[PDB]
Amino acid sequence: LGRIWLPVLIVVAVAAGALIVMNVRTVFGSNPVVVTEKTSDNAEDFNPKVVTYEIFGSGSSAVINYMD
Amino acid sequence: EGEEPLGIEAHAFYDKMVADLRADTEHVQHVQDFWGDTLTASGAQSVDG
């Protein structure tokens, strides 16, 4: 391999350098924004508790104030 | 999982399945039901429902 050893080693070295470049060049950057995760709850109406107000008396009408 | 948001029939099916799971004492030992209880049902269900 008197006339084969040199070009093969040259190609090997070039490939190694290209690989190192392709890695390290792309390592830089790659973090421009931060996006937080979202964890919401299910908004459904199953078995809602029911509150009933009742007003009654011997009178005809009444004035009523209540808290919803 | 359902194609449409889970409703009343889904809850009935879930309750029946939970009862039958609790029936099998040999394999199943405890089922913590959070979707059944309204206090914790929000956690057990996904956002899309």
# chains A, B, ... in the order shown; residues from 1 in each chain; ligands from 1

$ residues_around --residues "segment 38-53 of chain A" --least-positions-apart "5" --cutoff "12 Å" --atoms "only C-alpha atoms" --output "ChimeraX atom specification"
/A:64-68 /B:5-12,35-49

$ write_last_selection --atoms "C-alpha atoms" --output "PDB file, in the first residue's frame"
ATOM      1  CA  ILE A  64     -85.926  39.569  49.485  1.00  0.00           C
ATOM      2  CA  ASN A  65     -82.137  39.920  49.532  1.00  0.00           C
ATOM      3  CA  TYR A  66     -79.938  36.863  49.040  1.00  0.00           C
ATOM      4  CA  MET A  67     -76.371  35.889  48.191  1.00  0.00           C
ATOM      5  CA  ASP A  68     -75.938  33.860  45.037  1.00  0.00           C
TER       6      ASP A  68
ATOM      7  CA  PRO B   5     -66.511  14.153  25.718  1.00  0.00           C
ATOM      8  CA  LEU B   6     -67.482  11.651  28.388  1.00  0.00           C
ATOM      9  CA  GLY B   7     -70.968  12.170  29.776  1.00  0.00           C
ATOM     10  CA  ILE B   8     -73.586  10.501  31.957  1.00  0.00           C
ATOM     11  CA  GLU B   9     -73.473   7.097  30.260  1.00  0.00           C
ATOM     12  CA  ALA B  10     -69.686   7.101  30.600  1.00  0.00           C
ATOM     13  CA  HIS B  11     -70.056   7.691  34.336  1.00  0.00           C
ATOM     14  CA  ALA B  12     -72.575   4.849  34.646  1.00  0.00           C
ATOM     15  CA  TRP B  35     -63.590  10.590  38.975  1.00  0.00           C
ATOM     16  CA  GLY B  36     -66.631   9.344  40.878  1.00  0.00           C
ATOM     17  CA  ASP B  37     -66.246  11.888  43.673  1.00  0.00           C
ATOM     18  CA  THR B  38     -67.093  15.443  42.629  1.00  0.00           C
ATOM     19  CA  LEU B  39     -64.469  16.876  44.983  1.00  0.00           C
ATOM     20  CA  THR B  40     -61.599  15.385  42.957  1.00  0.00           C
ATOM     21  CA  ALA B  41     -63.235  14.680  39.587  1.00  0.00           C
ATOM     22  CA  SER B  42     -61.407  17.573  37.926  1.00  0.00           C
ATOM     23  CA  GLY B  43     -58.020  15.919  38.349  1.00  0.00           C
ATOM     24  CA  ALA B  44     -59.044  12.528  36.982  1.00  0.00           C
ATOM     25  CA  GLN B  45     -60.392  13.955  33.723  1.00  0.00           C
ATOM     26  CA  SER B  46     -58.473  15.493  30.840  1.00  0.00           C
ATOM     27  CA  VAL B  47     -58.786  19.124  29.786  1.00  0.00           C
ATOM     28  CA  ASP B  48     -60.675  18.298  26.592  1.00  0.00           C
ATOM     29  CA  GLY B  49     -62.928  16.017  28.630  1.00  0.00           C
TER      30      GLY B  49
END

$ select_by_dssp --residues "chain B" --states "helix (DSSP H, G or I)" --output "ChimeraX atom specification"
/B:8-23,41-44

$ atom_distance --atom1 "atom CA of residue 34 of chain A" --atom2 "atom CA of residue 21 of chain A"
27.1 Å
